[PDB]
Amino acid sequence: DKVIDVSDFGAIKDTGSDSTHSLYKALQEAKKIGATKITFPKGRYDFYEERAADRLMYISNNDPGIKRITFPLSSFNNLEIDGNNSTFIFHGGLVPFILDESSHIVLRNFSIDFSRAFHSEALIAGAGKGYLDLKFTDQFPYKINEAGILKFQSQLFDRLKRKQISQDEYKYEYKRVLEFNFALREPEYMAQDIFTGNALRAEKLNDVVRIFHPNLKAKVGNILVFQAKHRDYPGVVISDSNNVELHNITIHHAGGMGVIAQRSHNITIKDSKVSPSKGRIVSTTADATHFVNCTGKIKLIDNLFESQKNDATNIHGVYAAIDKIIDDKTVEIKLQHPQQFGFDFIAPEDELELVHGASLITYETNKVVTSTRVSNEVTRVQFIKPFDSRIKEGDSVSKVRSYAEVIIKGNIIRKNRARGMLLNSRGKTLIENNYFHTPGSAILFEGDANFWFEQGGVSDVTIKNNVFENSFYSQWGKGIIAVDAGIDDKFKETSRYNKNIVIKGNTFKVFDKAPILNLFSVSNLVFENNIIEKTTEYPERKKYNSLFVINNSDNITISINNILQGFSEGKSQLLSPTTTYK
């Protein structure tokens, strides 16, 4: 009809049977008659791999390859999916949602989770030099092979069944471990990622598994998280689509990012949450949300982003390195980071910034006349006029876009690994009424043209009426609000990558003298009407003795109109900037 009921196509709740193909037929009928809504009777729905559509997908900042997709929303328009607060359980390697060249899509009232997490967790029962003793719950199946290696499994165990289980070992490969505080259910204070690779020596003590690595260190009683090595199955992919809304969507887990958007226009996530399911301390294995080369309005409103293994959000562009200079008008650009391969974005009549790599200073803006994709890495680009004579190979290009207007309000950011928000948004950005409790920098202006190759550089930011409670209590960043753009030291005085930032009306609850602001190459920033409250939530770090570290900047104002409470010193010292951590 106008509204389609999935149960009319065979998708039946609370049975544990695969509803993938019944859902697919309901989707095709909705496209056939132009139905405006698809609804689920409230219940549990399970989705498996065997009948899910297969498509080749390049997904920015995630792993490319063949994807089995449960909701293949390719070229859909004016469609709402209302789950009625149903529970969606995905079995194996599945991408729940991919929105590809779709328009006006509303996802509403359901939860996403996987039958077995791609990461793994264990209770730390013992510890010593070069080892940890671990106890695994049943929902993290594993085995120790004859080589003495710990390998997590999709399930415990004929020959063809064993072969299928053997092929699933890739999905649950680890690469590092991170210790989580048991009581606070957050990354352990000042703990760092401990790299291990995908092969840890292990042996069962003769229910306790002992793992061996010379860099292992953790507190007994805490939770050890095995970080998933891959990002193959993000929760919701928004690709080349527009006007997408997520309302009351719970993403309990994903093989990578919860929501990843690329080259998409107008995206809203509201009243949703990324939070672990029962028996887990971690939600998604990568960023909660992420936006690449997106335009229009990006709205994160009244969400809860917690316990994921990476940043809550990152809104940025793509830098493509200048690999080959052919003639004075033609260049061949190359995508650099492996998870950026296959990102096509340079089209004829586009305007490109021609940026110096080590400085992030734009030489000029040139217009593209022709574009030719050679591979998933290299694209040949010819300009309308000869480009700047100073451009060398190793510099980078970036697309001049109608940069996304960022509206991030009412969100809770806590318990996650790494940073809170990477504000690489050059458009008008508003960060209002958010709560931060992150081990890394609550807010970070990053971007570089040497590794990540992410285009950042703000020009209109307002950070107002937020609460920063005991954030940056570890080492993922350089302060509560910090700049860490990829600018060489010899260019910091010359470059001005981030401009026009207002930080007002916020409350900073801090436990030591870590930098509240750590800025370089910033032009025009005002810090006024904020409250700085001293706490004793974590042990004080002797590394830091300055709340405001400022270098190679101009027009920075740490106004007298700021209230400080609980400190022994006064504004004369604590509000005076330094060049070092002091």
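From 1 onward, residues are counted along the sequence shown.
Unresolved deposited residues in the interval that joins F195 and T196: The entry leaves nothing out here.
Missing residues, deposited sequence, between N206 and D207 (class: none, 1 to 3, 4 to 9, 10 or more): 1 to 3 residues are missing.
Mean C-alpha B-factor comparison - 327-335 and 169-177, higher one: Result: 327-335.
Between 219-227 and 380-388 (mean CA B-factor, as deposited), the higher: Stretch with the greater average CA B-factor: 380-388.
Options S553, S60, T70, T39 - largest CA temperature factor per the record: That would be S553.
Which of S86, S239, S375, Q155 ranks first by CA B-factor in the deposited coordinates: Of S86, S239, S375, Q155, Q155 has the highest C-alpha B-factor.
Record-listed C-alpha B factor of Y45: chain third: Its C-alpha B-factor belongs to the middle third of this chain's values.
Position of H253 among the chain's modelled residues by C-alpha B-factor, lowest, middle or highest third: It belongs to the lowest third of the chain when residues are ordered by C-alpha B-factor.
CA B-factor ranking of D138, expressed as a third of its chain: Top third by C-alpha B-factor.
Chain third (lowest, middle, highest) by recorded CA B-factor, residue given as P348: Its C-alpha B-factor, which the entry lists for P348, ranks in the highest third among residues of this chain.
Third of the chain, ranked by Cα B-factor, where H119 sits: Lowest third of the chain for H119's C-alpha B-factor.
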